[PDB]
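> An experimental structure, sequence included, is below.
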Amino acid sequence: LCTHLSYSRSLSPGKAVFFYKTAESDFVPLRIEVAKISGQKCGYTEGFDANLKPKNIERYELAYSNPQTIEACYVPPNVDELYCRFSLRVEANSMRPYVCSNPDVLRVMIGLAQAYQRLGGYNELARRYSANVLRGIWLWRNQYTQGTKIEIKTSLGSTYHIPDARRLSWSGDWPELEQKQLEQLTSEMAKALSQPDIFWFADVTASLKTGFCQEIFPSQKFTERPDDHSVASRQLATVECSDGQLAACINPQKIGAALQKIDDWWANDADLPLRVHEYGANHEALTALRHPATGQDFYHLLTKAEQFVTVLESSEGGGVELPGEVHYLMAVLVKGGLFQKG
Amino acid sequence: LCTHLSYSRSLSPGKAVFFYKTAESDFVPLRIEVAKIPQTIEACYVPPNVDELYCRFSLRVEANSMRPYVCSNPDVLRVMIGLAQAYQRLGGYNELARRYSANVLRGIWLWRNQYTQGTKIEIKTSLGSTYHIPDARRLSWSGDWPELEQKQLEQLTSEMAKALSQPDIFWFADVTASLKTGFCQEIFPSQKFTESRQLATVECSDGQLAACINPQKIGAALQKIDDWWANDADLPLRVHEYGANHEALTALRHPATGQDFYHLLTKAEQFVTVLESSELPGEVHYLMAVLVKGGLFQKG
RNA sequence: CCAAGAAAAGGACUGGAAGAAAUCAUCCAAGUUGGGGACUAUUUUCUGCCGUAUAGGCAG
């Protein structure tokens, strides 16, 4: 490697905002409320010292409540449906290093991205990204509706429509006349990723049919603990409207983390996909699947580029010849960052 | 045990709103009057000429106690998974579903407002069922329910037993009750917690305010089905890791007895072994009930 | 019961004049804060007559 090497971010959303319509006004934001509640005195160390001596606490001393201040958000009475919207731009920006201080590293990385493009493979990545948009997984914990309808528009004049996204799996065979739209959307994106000077925008709107006063789950703030007993212990993220009203939202990178959740190339057993990560981090299990000790991480693989190009050149393409290691590497170059200090 | 372990909630309501009908419009809110006297006084009662008051809320149930939300230990995880399934296949979800279902049909979530001239409860679900309790004033915790009512308890138990145990079923219920009332009967909505007192309301889409009962106040009523201690059923407690009893200011499963959640959590290896030899004992019923009301189980 | 004992440093005074700190410039690239929850209790505010009246005035 070398002293300077970096790629920029080739695929990205802006943020998502929740709102609803009225008969008199087209845009009314969903907003949050603040309240004091009475909690439970419970859990370990409420009553134990190192699971050894149970603490001295007299019986009556645990019947007391534990008050807390929290923010919360609910849909108001008599609204028929809730809307959520965001925009997405895609750039063909993995073809060339943003910065590179080594002429030989540069010509190789260029040779590789091109060797890959002409054998196919952007179609593979585009199919996986497209599936994640149409499925609706970017709603995170708000997917549990009575019916979810998703509509997509693009700058090239296309429109896509999924009447009900509640049941499309990662692995399986999609219903007819939906399988078809996945192919069409894949084609627009596969192009957007590899041809320069196309300004491609998508506009994604979804509708959520909900319960009478169903709770909504927007992004939380990462905060320090207050000690004035007035500031909430749990705070939610909002945006300002042009007229000063506040609205609940989902953060840009929170939408992004969902869209790029594509990686089932490890251990030769697909399971569930991981968020692309140089070390294969798995948050739910608090572990890592491509620990440097295995030889399967990004940095080990980054140093074999000369060998991969040689293989790709001997292949024909248009088939299933590309190995898991080449796909992994391309996925990381798409989520660009700093790859330095050789 | 281990450092990180969490479950999320598997059963939850939204909030309850009070309203009445007119000949001119179907939803007119019950409102609250305030005099500034800051330090205020306020009141709420059914106004003249309204014969009955309506109360409504929604409920979602999710099969979410089958797997840890977070677990940092592969051996703790293997066991908790084996246990939930060892239990599921012997039944027992029926028992929990029976207990939850009984409370909805009885109507105790109305708290202090149960004293009517006749309360009727109607339930609709996302699978196309409808249930009807013509009069909720006569159903006890313990006793045999009258005919045609015992039957609906079984039918509702079955739908919920599934909602709690099999994934990818999206099960919603919509619960409305009618309170036949007195001449100008006083109504008791949730109070505001402050550092005189104030009452809680919600905003309507048209700007009017309405009286309500908080989500967790409805929830606390539904989950009150713990009577597995001391071989004396009495009335049930709200499920709590320490068996708290607010009325008497005490605790029934005080850690000093060895009967709390945390002592029991560490015997999972032994329970699975028994289930394999299987009868379900109070000790595993308690544990399953706590996992359903999920929370933090950490710093072992 | 001290290298012991005693003690008025005072009166007067002009620092001034004059000055140019200036010319040039890319801080950039990537990122999941999350899981659970009862403000009401041993409360104090009932029962009536006049007045078209949920207005306003009154006995107990």
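Nice, I can see it. Residues are numbered from 1 along each chain as shown, chains lettered A, B, ... in the order given.

> Would you mind naming the helix or strand containing the closest residue to residue A:95 other than its chain neighbours?
Distance criterion CB to CB, 6 or more residues apart in numbering or on different chains; nearest residue to residue A:95, sequence neighbours excluded, is residue A:113 at 5.3 Å. Where you see a C-beta, it was placed from the backbone N, CA and C, and this is true even at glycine. Element membership for residue A:113 (DSSP states H and E) is helix A:103-117.

> which residues touch that helix?
Helix A:103-117 is contacted by residues A:1-2, A:5, A:94-97, A:100, A:122, A:194, A:305-306, A:308-309, A:312-313, A:322, A:326, A:330, A:333 when judged by CB atoms under 8 Å, 6 or more residues apart in numbering or on different chains.

> Tell me where chain A has helices.
Assigned helices in chain A, in chain order: A:103-117, A:122-135, A:179-194, A:252-259, A:298-302, A:305-314, A:324-334 (criterion: DSSP state H).

> Residue in the stretch 1-150 of chain A with the shortest distance to chain B?
residue A:54 (4.1 Å; CB to the nearest CB).

> Contact residues of chain A facing chain B?
Contact residues, chain A versus chain B (CB under 8 Å from any CB of the partner chain): A:22, A:36-38, A:40-48, A:51, A:54, A:59-60, A:62-63, A:67, A:74, A:76-79, A:144-146, A:166-167, A:211-215, A:229, A:284-286.

> ok, back up a step: can you give me the neighbour number for the residue nearest to residue A:95?
17 (other CB atoms under 10 Å in any protein chain shown).

> Okay, domains of chain A per the record?
A:1-9+A:93-121+A:261-342, A:10-30+A:73-92+A:122-219 (CATH domains of a matching chain).

> With respect to residue A:238, which of the ones you listed lies nearest?
Nearest to residue A:238, of all those, is domain A:10-30+A:73-92+A:122-219, at 7.6 Å by CB to CB.

> Enumerate the beta-bridge partners assigned to the residue nearest to residue A:30 when sequence neighbours are not counted.
Excluding its sequence neighbours, the residue lying closest to residue A:30 (CB to CB, 6+ apart) is residue A:18, at 4.2 Å. Residue A:18 has the following beta-bridge partners by DSSP bridges: residue A:84.

> Tell me which residues touch residue A:18, please.
A:29, A:30, A:82, A:83, A:84, A:216, A:218, A:247, A:248, A:249.

> out of those residues, who's nearest residue A:185?
Out of the contacts of residue A:18, the member with the shortest distance to residue A:185 (by CB to CB) is residue A:84, at 19.2 Å.

> neighbours around that closest one, how many?
Neighbours of residue A:84 using other CB under 10 Å come to 24.

> my read: it touches residue A:205, true?
Yes - the pair residue A:84 / residue A:205 is scored as a contact, 7.4 Å apart, by CB atoms under 8 Å.

> and for those two, which residues touch both?
By CB under 8 Å, 6+ apart, no residue touches both residue A:84 and residue A:205.

> residues from chain A in reach of RNA strand C?
Taking CB under 7 Å from any atom of the strand, the part of chain A that reaches RNA strand C is made up of A:6-9, A:12, A:37-40, A:42-43, A:65-66, A:68, A:70, A:98, A:141, A:217, A:219-220, A:222-223, A:251, A:253-254, A:256-257, A:275, A:283, A:335-338.

> taking those one by one, which sit in strands?
Using DSSP state E, the subset of the residues of chain A next to RNA strand C located in strands is A:6, A:12, A:37, A:38, A:39, A:66, A:68, A:70.

> neighbour-wise, which of these leads?
Most surrounded of those: other CB under 10 Å gives residue A:12, at 17 neighbours.

> Help me confirm that it comes into contact with residue A:252.
Yes - counting by CB under 8 Å, residue A:12 does reach residue A:252; the two are 7.3 Å apart.

> which residues touch the closest residue to residue A:246 other than its chain neighbours?
Nearest residue to residue A:246, sequence neighbours excluded (CB to CB, 6+ apart): residue A:238, at 4.6 Å. If you count contacts by CB under 8 Å, 6+ apart, residue A:238 has them with A:31, A:32, A:218, A:246, A:247, A:248, A:249.

> Buried members of the residues you listed into PyMOL, please.
Applying 16 or more other CB atoms under 10 Å in any protein chain shown to the contacts of residue A:238, the buried members can be selected in PyMOL as follows:
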select buried, chain A and resi 31+32+218+247+248+249
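
> from the contacts of residue A:238, which is closest to RNA strand C?
residue A:218 (8.7 Å; CB to the nearest atom of the strand).

> In this structure the closest one contacts residue A:250, no?
Yes - counting by CB under 8 Å, residue A:218 does reach residue A:250; the two are 6.1 Å apart.

> anything in contact with each of the two?
With CB under 8 Å, 6+ apart as the test, residue A:218 and residue A:250 both reach residue A:237.

> Number of residues surrounding residue A:109?
Neighbours of residue A:109 (other CB under 10 Å): 22.

> Actually, residue A:103.
Count around residue A:103 with other CB under 10 Å applied: 9.

> same deal with residue A:121?
20.

> Find the residue closest to it in space, skipping its chain neighbours.
Nearest non-adjacent residue to residue A:121 (CB to CB, 6+ apart): residue A:322, at 5.7 Å.

> Having no further points to raise, I will conclude here.
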